[PDB]
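> Pasting a structure here, questions to come.
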Amino acid sequence: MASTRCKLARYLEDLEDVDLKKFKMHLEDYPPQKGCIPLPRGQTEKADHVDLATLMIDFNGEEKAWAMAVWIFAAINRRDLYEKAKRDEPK
(Lines give C-alpha, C1' and ligand atoms only; values in the text may rest on other atoms or scores of the structure.)
Protein backbone atom coordinates (compact mmCIF):
# COMPACT_ATOMS: atom_id res chain seq x y z
CA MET A 1 0.00 0.00 0.00
CA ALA A 2 2.84 2.43 0.82
CA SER A 3 6.48 1.34 1.33
CA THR A 4 8.24 3.63 3.84
CA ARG A 5 11.56 2.99 2.04
CA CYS A 6 10.36 5.29 -0.77
CA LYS A 7 9.36 7.91 1.83
CA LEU A 8 12.79 8.21 3.54
CA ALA A 9 14.35 8.43 0.06
CA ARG A 10 12.29 11.58 -0.63
CA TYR A 11 13.62 13.18 2.60
CA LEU A 12 17.35 12.47 2.03
CA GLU A 13 16.73 13.69 -1.56
CA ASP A 14 14.77 16.83 -0.51
CA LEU A 15 17.93 17.95 1.39
CA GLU A 16 20.44 20.35 -0.25
CA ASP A 17 23.20 18.77 -2.37
CA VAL A 18 25.99 20.16 -0.15
CA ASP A 19 23.97 19.09 2.93
CA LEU A 20 23.66 15.59 1.42
CA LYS A 21 27.47 15.21 1.50
CA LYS A 22 27.52 16.44 5.14
CA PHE A 23 24.96 13.76 6.14
CA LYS A 24 27.20 10.89 4.92
CA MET A 25 30.47 12.34 6.27
CA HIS A 26 28.81 12.85 9.68
CA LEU A 27 27.47 9.25 9.60
CA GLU A 28 30.83 7.63 8.76
CA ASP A 29 32.53 9.91 11.34
CA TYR A 30 30.01 8.84 14.01
CA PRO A 31 32.06 8.66 17.29
CA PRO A 32 31.64 5.56 19.54
CA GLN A 33 28.51 5.72 21.80
CA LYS A 34 28.67 2.44 23.76
CA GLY A 35 30.58 -0.44 22.14
CA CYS A 36 28.55 0.41 19.01
CA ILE A 37 29.84 -1.24 15.80
CA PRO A 38 31.47 1.30 13.37
CA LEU A 39 29.58 1.41 10.04
CA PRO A 40 32.04 0.07 7.36
CA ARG A 41 32.71 2.90 4.85
CA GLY A 42 32.79 0.52 1.84
CA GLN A 43 29.21 -0.51 2.78
CA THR A 44 27.78 3.03 3.21
CA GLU A 45 29.67 4.57 0.26
CA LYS A 46 28.71 1.54 -1.91
CA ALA A 47 25.12 1.77 -0.57
CA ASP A 48 22.85 3.87 -2.84
CA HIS A 49 20.23 6.31 -1.49
CA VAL A 50 17.55 3.56 -1.50
CA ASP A 51 19.93 0.82 -0.31
CA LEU A 52 21.18 3.22 2.40
CA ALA A 53 17.67 3.20 3.94
CA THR A 54 17.80 -0.64 3.86
CA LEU A 55 20.94 -0.80 6.07
CA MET A 56 19.40 1.63 8.59
CA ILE A 57 16.06 -0.23 8.81
CA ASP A 58 17.61 -3.73 8.51
CA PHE A 59 20.73 -3.31 10.74
CA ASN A 60 19.57 -0.62 13.30
CA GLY A 61 15.77 -1.22 13.01
CA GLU A 62 12.91 1.25 12.39
CA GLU A 63 12.93 2.42 16.05
CA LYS A 64 16.69 3.10 16.37
CA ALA A 65 17.10 4.27 12.74
CA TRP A 66 14.57 7.08 13.34
CA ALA A 67 16.43 8.05 16.54
CA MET A 68 19.60 8.56 14.45
CA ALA A 69 17.67 10.39 11.69
CA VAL A 70 16.13 12.97 14.08
CA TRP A 71 19.25 13.41 16.25
CA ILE A 72 21.37 14.15 13.12
CA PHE A 73 19.03 16.95 11.86
CA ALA A 74 19.42 18.85 15.18
CA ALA A 75 23.20 18.52 14.70
CA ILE A 76 23.27 20.33 11.31
CA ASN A 77 20.86 22.92 12.79
CA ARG A 78 17.60 21.91 11.03
CA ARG A 79 15.16 22.10 13.98
CA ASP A 80 12.43 23.19 11.51
CA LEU A 81 12.79 19.75 9.88
CA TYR A 82 12.02 18.07 13.26
CA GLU A 83 8.65 19.88 13.52
CA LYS A 84 7.56 18.60 10.07
CA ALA A 85 9.28 15.20 10.40
CA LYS A 86 7.29 14.50 13.59
CA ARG A 87 4.03 15.28 11.70
CA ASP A 88 4.89 13.22 8.56
CA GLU A 89 6.36 10.26 10.52
CA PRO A 90 3.64 7.49 10.41
CA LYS A 91 2.59 6.13 13.85
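Lettering and numbering for the C-alpha coordinates are positional, with chains as A, B, ... in the shown order, residues counted from 1 in each chain, and ligands counted from 1 in the shown order.
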Find the residues near region 58-69 of chain A: any atom within 10 Å, counting only C-alpha atoms, skip ones fewer than 6 places away on the same chain, and give them as a ChimeraX atom specification.
/A:8,12,23,27,52,82,85,89
> Could you jot down the CA of residue 55 (chain A) to CA of residue 39 (chain A) separation for me, Å, one decimal place?
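Computed distance, CA of residue 55 (chain A) to CA of residue 39 (chain A), equals 9.8 Å.
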> Can you tell me which residues surround residue 41 (chain A) at a distance of at most 12 Å, considering only C-alpha atoms, apart from same-chain residues fewer than 3 positions away, and format the answer as a PyMOL selection string?
chain A and resi 24-30+38+44-47+52
> From a backbone DSSP assignment, name each residue in chain A labelled alpha helix (DSSP H), as a ChimeraX atom specification.
/A:4-14,17-28,41-46,49-55,61-75,79-88
> Restricting the calculation to only C-alpha atoms: of A:49, A:35, A:70, A:91, which residue gets closest to residue 14 (chain A)?
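Closest to residue 14 (chain A), using only C-alpha atoms: A:49.
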